[PDB]
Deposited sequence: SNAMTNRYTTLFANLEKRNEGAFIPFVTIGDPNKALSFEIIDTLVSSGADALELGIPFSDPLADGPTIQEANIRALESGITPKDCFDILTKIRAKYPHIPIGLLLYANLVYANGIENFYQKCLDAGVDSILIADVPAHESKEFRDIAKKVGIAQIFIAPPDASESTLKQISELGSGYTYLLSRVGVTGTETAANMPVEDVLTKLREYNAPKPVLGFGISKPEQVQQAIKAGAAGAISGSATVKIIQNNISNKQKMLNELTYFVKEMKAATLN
């Protein structure tokens, strides 16, 4: 295959840089401000986007992300409202990799393919379903290959070599790694490299620019910041102008840590 991610990772290693992918949940804190948040994320130098769609019971996320699904739902955000934002973003920024972090019931209710079609029409490139493990992705992955969306899988550092091999083969776009920086991280990438997994990205606990620099080192194609980007939204809810500035500053300093 060849998606927007393959174009990005080849352009990046050509320039010999790592990928910084911020995570922000769509509709947080409300629909109008959410688009401006996503807008400033791209303008401030994000290579790819990792956008969550608000769920009622995010049993896999920590408190910071939990408070952010709540903010969006309390304001009335709908999957429809999310596709409106995803559509308006890709209309402005073509060929910018956009992935979605979803919970399964948003996909299963109202039809798996029916939901997958709305994603591709909105310009989405990849989908990571948090509560669907690799050994139970068959129904979701088949539809993913028919519509043309890459299915992303999490590679936790304590799975079977059998399960870790299975994630390498089922994956596409990139591989989400729960390994920390500060089984060790290198020995995880070694198994993923031997099994031809998609390019690895680190996600868990990436908050400071230090952690990003020590993530492209030790051999990772990029790094995702979940809580660190959402927390800037949480701490500036009343102050729209300061929020976006603290946000643009965050993306620039985190992107600078992906060079060389």
query: For this chain, which runs of the deposited sequence have no C-alpha coordinates, given in order from the N-terminus?
result: 1-3, 186-194
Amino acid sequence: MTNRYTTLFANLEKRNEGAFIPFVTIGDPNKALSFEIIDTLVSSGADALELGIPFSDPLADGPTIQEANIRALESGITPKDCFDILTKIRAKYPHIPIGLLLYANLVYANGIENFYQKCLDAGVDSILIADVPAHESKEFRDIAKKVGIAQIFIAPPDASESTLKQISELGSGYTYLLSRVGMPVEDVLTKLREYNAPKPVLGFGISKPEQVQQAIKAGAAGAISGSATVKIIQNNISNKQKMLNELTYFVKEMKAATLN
From here on, numbers count along this sequence of modelled residues.
Between the two ranges 50-58 and 215-223, the one averaging a larger CA B factor in the entry: 215-223
- request: May I ask you to compare 20-28 and 237-245 by their mean CA B factor in the entry and name the higher one?
  value: 237-245
statement: Looking only at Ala228, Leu33, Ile65, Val201, the Cα with the top B-factor belongs to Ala228
field: Highest-ranked of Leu120, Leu106, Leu178, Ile89 once sorted by CA temperature factor in the record
entry: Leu178
- request: Can you work out whether the C-alpha temperature factor of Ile98 puts it in the lowest, middle or highest third of the chain?
  value: middle
field: Among modelled residues of the same chain, the CA temperature factor third for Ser75
entry: lowest
message: Ranking every modelled residue in this chain by its Cα temperature factor as given in the entry, which third contains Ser162?
response: middle
message: Sorting by Cα B-factor within the chain, modelled residues only, which third would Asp131 end up in: lowest, middle or highest?
response: middle
- line: Temperature factor at the Cα of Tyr174, chain-ranked in thirds, falls in the middle
